[PDB]
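Hydrogens, waters and symmetry mates play no part in the numbers below; they use all other heavy atoms, side chains included. Chain A is the first sequence line, chain B the second, and so forth, proteins listed ahead of strands; every chain is numbered from 1.
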Amino acid sequence: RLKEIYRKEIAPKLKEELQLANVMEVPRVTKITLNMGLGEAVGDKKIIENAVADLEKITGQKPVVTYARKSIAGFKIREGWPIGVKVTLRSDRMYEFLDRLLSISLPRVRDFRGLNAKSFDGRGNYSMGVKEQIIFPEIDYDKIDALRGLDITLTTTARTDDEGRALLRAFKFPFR
Amino acid sequence: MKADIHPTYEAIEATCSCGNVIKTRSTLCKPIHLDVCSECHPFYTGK
Amino acid sequence: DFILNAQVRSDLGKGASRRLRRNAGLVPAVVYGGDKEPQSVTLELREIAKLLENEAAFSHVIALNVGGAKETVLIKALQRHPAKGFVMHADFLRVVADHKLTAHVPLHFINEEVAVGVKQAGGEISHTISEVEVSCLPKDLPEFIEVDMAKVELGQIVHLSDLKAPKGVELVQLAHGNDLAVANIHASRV
Amino acid sequence: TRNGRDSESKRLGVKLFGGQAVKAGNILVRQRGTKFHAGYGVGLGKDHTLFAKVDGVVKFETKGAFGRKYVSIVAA
Amino acid sequence: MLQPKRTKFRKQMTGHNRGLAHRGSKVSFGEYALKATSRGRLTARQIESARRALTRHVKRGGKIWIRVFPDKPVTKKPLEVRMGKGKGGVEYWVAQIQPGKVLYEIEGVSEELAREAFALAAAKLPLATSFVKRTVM
Amino acid sequence: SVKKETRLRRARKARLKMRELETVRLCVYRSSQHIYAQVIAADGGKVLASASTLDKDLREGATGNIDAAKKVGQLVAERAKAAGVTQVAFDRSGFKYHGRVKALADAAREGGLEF
RNA sequence: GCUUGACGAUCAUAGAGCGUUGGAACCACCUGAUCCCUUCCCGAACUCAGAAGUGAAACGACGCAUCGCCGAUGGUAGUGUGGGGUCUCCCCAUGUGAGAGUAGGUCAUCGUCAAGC
RNA sequence: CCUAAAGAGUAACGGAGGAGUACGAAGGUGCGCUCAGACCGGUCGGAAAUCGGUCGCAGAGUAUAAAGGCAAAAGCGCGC
Ligand SMILES: [Mg+2]
Ligand SMILES: [Mg+2]
Ligand SMILES: [Mg+2]
Ligand SMILES: [Mg+2]
Ligand SMILES: [Mg+2]
Ligand SMILES: [Mg+2]
Ligand SMILES: [Mg+2]
Ligand SMILES: [Mg+2]
Ligand SMILES: [Mg+2]
Ligand SMILES: [Mg+2]
Ligand SMILES: [Mg+2]
Ligand SMILES: [Mg+2]
Ligand SMILES: [Mg+2]
Ligand SMILES: [Mg+2]
Ligand SMILES: [Mg+2]
Ligand SMILES: [Mg+2]
Ligand SMILES: [Mg+2]
Ligand SMILES: [Mg+2]
Ligand SMILES: [Zn+2]
C-alpha cells in the first residue's frame, strides 16, 4: 500500500530536497486520530451507541468513548457521562486509511478548492474537518442518522510546519 | 492487536467508472464502483 | 578637591560605634576591594559632610589618606539616620586601573524651557528618575550623564536607550533587557 | 459577641531531643502531618507519631532531596 | 476618604508603635518631601485635610505623591455602655507613623513655593515634620 | 528520555523498602543487547558479586533472548555462594516481572540462593 | 590514568539556558508482531525474536555568568543582666547579635563493581 | 486558627470558623499513571465540551471547617 510507497521515493527525495545531513530527521507521519465531539447527547444519551457503530466502518478498529473532564454548566453537562468518541490509527491501518480518504472519498465531498496551508500548528501537525459522515464509501445513504462532524488529525515528526508542509507536498495532497 | 472485537477487514475491489482501479483494503467485503476518482477530478488537474 | 583623611579603627561593635558618634564626633567606615583585605577606619563627621555637599561626590574618584599612606577609593554606599539625616556609616571601594566598577551617576536635564512640547502644547516636564547606574573602567567614569529634551513633544516618552553615553560607559539596566522611562511631557494638572 | 469557642490543647511537639538515650517504644514526636520523617530505627503511627524501635540515641539530621527533617536512632 | 477596598478581617488588635523608619524614609518620586520627625498616628481625615491645603496652594502645575495609606481599623465603644459585651465597632481608619517616614512629595515647582506649601500641610497634622530634598544616596 | 525516566520513577518504591529492611539485594539491568545482574550489600554502596553476558565465555552473539538470561542467572548464583551470601531480595528495577527478568530469577532460585 | 554502563554518598557553589562534540565497544534510536505478554481503541507504552541502518532525537562529555543559587568585612535592628530619663518611647555599662544589601563566588566533589585502552 | 511572649500549658460577655456525620468501598494488597492553567491547530459549541502539540510543574486534588502534611505521592485507575 502506502508503506512501501513512502520509502521508495518520498523518503529518498525529501532527504536531499531540504539538504539534510542525516536520514531519520526526514518528516514522517506517526499517528492519525479521528475524534468527533458530539455536542448533543447532553441528556438523551442515544447517539453514543450510534456513533460507536458508524465510526467503526471507516477504520475497522473498535473506538473508545471519551468523557467530560469538568462540569461547565453553560453546556448543561458535567463530568461522568460521555460527550465524544475517538480512535487512534498507527502503522498499516493509518496508511491504508489515508489513501482511501486521500482520493476515494475526498474528491467526492461536495465543494473544495483544496486543503489550505493555514491549518498548521507551530510544530508540523495537520488538522482538518469533515462536514458529513456519509462521505466515505464504507456506509450507506439511508440507514444512517443525520449529519455528524467527523474529524481528521495528522501528527508528524517535523521540527516546524514548513517541512511538515513540504512532506505533505508529496502524498498528492490538494494544497493550494 | 486485540481479537474478536475488530470486525471483518479485507481488500475489497475498487473500480472507477473511468477504468481507474486501486487495490486498497477496506471493510465492505464487496466490489465497489466509483463515478469519479483521482484520475478524473477537476480540482486535481486544473479544470 | 576630593581628599579625605582617615584613621585606623580597632574597637568594633555596637557599643564602641555609639561612643564614636557621642564623644568624639567621628564616623565608622570600611575600605574593601581590589585584591586586599577589608579595613576598618574612622573619619570626622564634619569632613565627610562637607565633601558630600558637592554634586559629583558619588561619581568621582576620591583620594583617601589612611594614616600616612594614600589610596584610591570610591564611595559605594552610605548609611544615614532615618530622622535627623546625617551620615552614620560609609563604605569605600578600592579602584584598580583595569577592573570594571559600578557607580551611580546623576542626570543633567538641559534646555527644558525651549522644549517643543512645553512652549507649543503647554506641557510639563516630569523627571521619572534622576540618576542611572553604570559600569565602566575607572579611567572613563563620567561625573554626570547628559540628557536633552529640546526635540520632545507632548506625550513623548524618553527611555534609557534614547540617551547617549560617553564612550566606554555601559548602562547596566539597558544591558539586562529592561529600559526604563527617564522623562516625559504630559498635559497640565489643571 | 458570637465568638466564644475554642478546643482543648493537644500537647504536641518534640518529647526527646538530640543526644538523649531512648528505649524501644518511646514516643519521640507528636505531630499533625510529618514535619519530621522516620529515619533508621523509627516507626510511624497512624496519626503520624514517631516512636523508637531500638535502643540508642536520638540524631535529628537533615538529609536527602526534598530537604526533609529526619529522626533516627544511633548507637550510644 | 482613604481606606482599603476590602480586607481579610474586620477588626484588629491595638499593637504597639516602635522603632525608626528605615524603609520609606527616602525621597523616591519627587524633588522635595515632608518627613515625620516624631512618631504618632494619622487618621485619614488629617491626611485629606493636609492634601487639600497643599494642593490648593500650588494651583499651577506640579505632581504630588501621597506615601501614607491608612489601613489599620480602630473601634470605639458607644457612650453609656459598660465594659465588656464584645469588641466595639469600627469607626475610622488610621496609619502608623514612625520617625523618619516621608508623607508627601512634590516636584515641578520651586524650592521656595514647595517649602511654603508644605508649611500649610504641616499645620493640619498632629506630629512634628521637616523639609527634605532628594539625594543620590 | 521519558521511556527511561518513567522506569526509574517506577523502581523507587521497592528500592527504598530494602534500605529500610537493610537486606541484601539482587539488582537486574536489561537492555536491547544484554542483561545484567549485581549483588549489592546493604546500602547501595558495595557490589559483592556480579554476572552479565559480557563474560568472555558468553560473548557468542545471541545475548538478547530468554535462554541467555538463564545462563547468567545460574552463573550469578554460583558467584554469590563464593561470597558467602544467601537470602537476598529480588529487585526488578521497574521492568515487569514477566520475561527475560523472570527467566533470570528462576535460574537464581535453582542456583541455590533463596528469596 | 582514559571511555561507557549499574548502584550509591551529597542535594543548586551541584540547577536552567546557549554553543561544540561522541558510535571501536556500550547505550539509544531501529525491523517485525510468528511465538509468551499488552492496549477501557492503537506493538504509542509493556513484551518477545535480532542487527540490516544512524548518532538525527535522547543521553553523556566539554565551554560560557546571561538567569538562578551561594556570599563576606563593616554598620544597623532586636535582645539577657544591672542602672537612668523628659517614661505610649528611649539612653548608659556589660554580654550577644540578625534580615536586607555590598565586594565577590559557582557551569560540582567523591565510592564500589563490570566491560575495552 | 489567633491572642500565647520561637519546648508544654495559659484568661476575658476577646477576634474568626466548624461538629452531634460519611463509606462493604471512599477499607487491604499488587500493578500501573500524574494535575490546574496558558497558547497554537481543528465540523455545527466557541473565552469555556471532545481531539493533536508545546509550555507548565502542583499555581490541582484530598468525603467534610481550619491548621499541619502529601513523589515510596497520603492524589488517580484497574484485578483479586
Ligand atoms: Mg555592629
Ligand atoms: Mg547596650
Ligand atoms: Mg490551641
Ligand atoms: Mg500501622
Ligand atoms: Mg490592647
Ligand atoms: Mg506505586
Ligand atoms: Mg553584620
Ligand atoms: Mg534591664
Ligand atoms: Mg551585627
Ligand atoms: Mg547576610
Ligand atoms: Mg538572600
Ligand atoms: Mg508555646
Ligand atoms: Mg513562649
Ligand atoms: Mg496552649
Ligand atoms: Mg488562670
Ligand atoms: Mg482516600
Ligand atoms: Mg491544606
Ligand atoms: Mg482496589
Ligand atoms: Zn475515475
Side-chain angles (χ1 to χ4, degrees), chain A residues 21-25 30-31 33-39 61-64 66 68-70 72 74-75 77 83-91 93 119-123 125-131 147 149-151 153-155, chain B residues 1-2, chain C residues 12 14-15 17 28-30 32-33 37-38 40 76-77 79 88-89 91 93 176, chain D residues 1 3-5 9 11 13-14 31-35 48 63-65 67, chain E residues 9 11 13 16-19 22 39 84-87, chain F residues 1 3 9-10 12-14 16-17 27 29 31-33 36 38 40 43-47 50 52 54 62 64-66 96 98-99:
Chain A
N22 192 295
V23 298
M24 283 73 74
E25 69 275 16
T30 61
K31 55 176 185 175
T33 187
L34 275 44
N35 171 37
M36 65 182 179
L38 314 179
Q61 294 189 357
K62 177 187 171 66
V64 54
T66 64
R69 184 180 63 83
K70 220 169 77 173
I72 62 170
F75 292 164
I77 67 150
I83 53 172
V85 309
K86 67 174 278 183
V87 178
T88 300
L89 278 298
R90 293 173 181 278
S91 68
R93 295 305 174 82
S119 74
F120 267 86
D121 52 50
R123 280 86 167 93
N125 319 297
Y126 191 92
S127 56
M128 61 79 71
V130 165
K131 298 298 293 295
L147 183 145
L150 188 153
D151 295 340
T153 300
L154 271 284
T155 300
Chain B
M1 187 77 82
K2 210 159 286 183
Chain C
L12 322 177
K14 151 153 65 186
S17 305
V30 58
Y32 57 78
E37 320 282 9
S40 315
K76 184 66 185 174
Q79 300 198 18
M88 299 196 327
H89 188 262
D91 46 325
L93 181 78
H176 296 349
Chain D
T1 176
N3 276 324
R5 285 161 321 264
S9 278
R11 282 94 163 141
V14 177
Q31 263 166 336
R32 300 278 105 86
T34 51
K35 305 182 173 263
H48 303 283
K63 67 181 178 67
Chain E
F9 299 103
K11 285 151 183 194
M13 302 181 170
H16 286 266
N17 194 8
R18 298 204 187 90
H22 294 89
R39 89 175 64 248
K85 267 77 192 162
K87 192 154 164 92
Chain F
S1 67
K3 184 178 184 293
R9 179 66 179 86
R10 223 187 292 130
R12 270 185 83 61
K13 180 173 170 67
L16 286 174
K17 194 74 209 162
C27 189
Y29 187 39
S31 70
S32 279
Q33 297 210 312
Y36 296 87
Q38 267 168 336
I40 302 160
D43 47 350
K46 320 277 200 141
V47 175
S50 167
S52 52
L54 294 183
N65 50 43
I66 291 279
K96 185 177 180 180
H98 159 64

Whole-angstrom distance between G:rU47 and G:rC64, as gauged at atom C1': 45 Å
Going by the rule side-chain hydrogen bond (donor to acceptor under 3.5 Å, both in side chains), which residues pair with F:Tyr36 if we only count those two or more places apart in sequence or in a different chain? none
Using atom P of each nucleotide, how far apart are G:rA16 and G:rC62 to the nearest Å? 14 Å
Earlier contact from the 5' end, RNA chain G, for C:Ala29 and C:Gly33: C:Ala29
Between C:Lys76 and G:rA103, is there a side-chain N or O to OP1/OP2 distance below 4.0 Å? yes
Between A:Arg69 (CZ) and H:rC35 (P), how many Å, whole number? 10 Å
Do nucleotides 41-49 of chain G as a string where each nucleotide becomes B, S or -: B if the base has a protein heavy atom under 4.0 Å, S if just the sugar-phosphate does, - if no protein is that close. BBSB-SSSS
Position toward the 5' end of RNA chain H (nearest nucleotide), A:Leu38 or D:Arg5: D:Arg5
Between G:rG111 and G:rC67, how far apart are the two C1' atoms, rounded to whole Å? 34 Å
To the side chain of D:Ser9, which of G:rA77, H:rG14, H:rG9 is closest? H:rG9
If you measure from the P atom in H:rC51 to the same atom in G:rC40, how many Å do you get, rounded? 13 Å
Any donor-acceptor pair under 3.5 Å between the side chain of C:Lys14 and the base of G:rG78? yes
Can you tell me which stems RNA chain H forms when a stem means 3 or more consecutive Watson-Crick or G-U pairs under 3.5 Å? H:28-33 with H:75-80, H:37-41 with H:51-55
Interatomic distance, C:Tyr32 OH vs G:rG75 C1' [rounded to whole Å]: 11 Å
Sequence-distant partners of F:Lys17, side-chain hydrogen bond (donor to acceptor under 3.5 Å, both in side chains), two or more places apart: F:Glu20
Who passes side-chain hydrogen bond (donor to acceptor under 3.5 Å, both in side chains) against A:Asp151, sequence neighbours left out? none
Closest non-hydrogen atom pair between A:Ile77 and A:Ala68, with its separation: CD1-CB, 4.0 Å
Just wondering, more than 12 heavy atoms not from F:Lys46 lying within 6.0 Å of its NZ? no
Applying side-chain hydrogen bond (donor to acceptor under 3.5 Å, both in side chains), name anything that partners A:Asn35, two or more places apart in sequence or on another chain. none
Centres under 5.5 Å and planes under 30° for the six-membered rings of G:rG5 and G:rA6? yes
Can you name the residues that form a side-chain contact (heavy atoms from CB on, under 4.5 Å) with A:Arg90, not counting sequence neighbours? A:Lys31, A:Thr88
Spacing of A:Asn22 atom CG relative to G:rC29 atom P, expressed in whole Å: 16 Å
Measure all distances between protein nitrogen or oxygen atoms and nitrogen or oxygen atoms of nucleotides 73-75 of chain H, and list the pairs falling under 3.5 Å.
unit_1: H:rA73; atom_1: OP2; unit_2: F:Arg9; atom_2: NH1; d: 2.5
unit_1: H:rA74; atom_1: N6; unit_2: D:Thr34; atom_2: OG1; d: 3.2

Determine the Euclidean distance between corresponding P atoms of G:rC29 and G:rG5; express it in Å to zero decimal places. 14 Å
Is H:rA5 in the syn or the anti form, by the rule that syn lies within 90° of 0? syn
For RNA chain G, list all stems, counting runs of three or more consecutive pairs where every pair is Watson-Crick or G-U wobble with both distances under 3.5 Å. G:1-8 with G:110-117, G:17-22 with G:59-64, G:27-29 with G:53-55, G:30-33 with G:47-50, G:68-70 with G:104-106, G:78-85 with G:89-96
Could you tell me how far G:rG60 sits from G:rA28 if I compare only their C1' atoms? Round to whole Å. 11 Å
Atom pairs under 3.5 Å: protein N/O with N/O of nucleotides 113-117 of chain G:
unit_1: G:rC113; atom_1: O2; unit_2: F:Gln38; atom_2: NE2; d: 3.4
unit_1: G:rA115; atom_1: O3'; unit_2: F:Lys56; atom_2: NZ; d: 3.1
unit_1: G:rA115; atom_1: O3'; unit_2: F:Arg59; atom_2: NH1; d: 3.4
unit_1: G:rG116; atom_1: OP1; unit_2: F:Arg59; atom_2: NH1; d: 3.4
unit_1: G:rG116; atom_1: OP2; unit_2: F:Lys56; atom_2: NZ; d: 3.2
unit_1: G:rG116; atom_1: OP2; unit_2: F:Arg59; atom_2: NH1; d: 3.1
unit_1: G:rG116; atom_1: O5'; unit_2: F:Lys56; atom_2: NZ; d: 3.2

With a 4.0 Å cutoff (strictly under), does any side-chain N or O of A:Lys70 reach OP1 or OP2 of H:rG37? yes
Distance check, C1' atoms only: G:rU3 and G:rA24, in whole angstrom units. 11 Å
ring-ring contact (aromatic ring centres under 6.0 Å, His included) with C:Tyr32: which residues, sequence neighbours excluded? none
Treat primed atoms plus P, OP1 and OP2 as sugar-phosphate and everything else as base, then score nucleotides 81-92 of chain G 5' to 3': B for base contact with protein heavy atoms under 4.0 Å, S for sugar-phosphate contact only, - for none. --------SSSS
